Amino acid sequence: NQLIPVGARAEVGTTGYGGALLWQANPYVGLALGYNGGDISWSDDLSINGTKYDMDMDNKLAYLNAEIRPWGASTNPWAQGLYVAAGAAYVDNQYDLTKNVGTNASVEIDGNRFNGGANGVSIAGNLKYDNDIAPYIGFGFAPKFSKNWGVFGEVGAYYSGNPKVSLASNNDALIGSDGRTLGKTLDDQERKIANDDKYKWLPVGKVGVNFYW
């Protein structure tokens, strides 16, 4: 049961693009070593209920995980394709978010609801995740239909630790529904991001194509 190199994959997803080297020891156990990253504008000018989203990333992530197929010997491809992924990553990722809340549009942050009013308001966030050795857990589907290639999709999360975080608006004096100003509410949401257990996780989704040769 030694791990045999079998090829590579190309992938794209929420942490950016890249790919991995692949090994398989048997129908149940395999290994991926890869990189995701890039300077990418994940969305620009994207309008939803009066509000434009912009997100930019600048990521360097390199990972190593095992892929385990509980039913990897199954002749059902719906079961043979399922796997759990587990390992760790070097993580050095940076996200810029911008919400431009338009005229008379409404946004909710930490339970407090604000209105854009006559001019709207813009809210910005910088999130920086740095961890040399971040544990990773994920679930994927990669059914076998070819000796030469296949496709896959995966969702998981890195236990990165809380990011460094900065939140800001170009109008902090707006009062929300619970009475806190926008400045104060952002401060509060900044503290939750910087400390709550929930935000120690960096979620991820991706898809791609495998090549075996």
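For every residue, the number given is its place in the sequence shown, counted from 1.
With 75-83 and 108-116 compared on mean CA B-factor from the PDB entry, the stretch scoring higher is 75-83. Look at the C-alpha B-factors of 145-153 and of 48-56. On average they run higher in 48-56. Looking at the C-alpha B-factors along this chain, the one for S177 belongs to the middle third. When the modelled residues of the chain are ordered by their C-alpha B factor, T103 lands in the lowest third. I133 sits in the highest third of its chain by CA B factor, as recorded in the PDB entry. Remark: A32 belongs to the lowest third of its chain, ranked by C-alpha B-factor as recorded. Looking at the C-alpha B-factors along this chain, the one for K192 belongs to the middle third.
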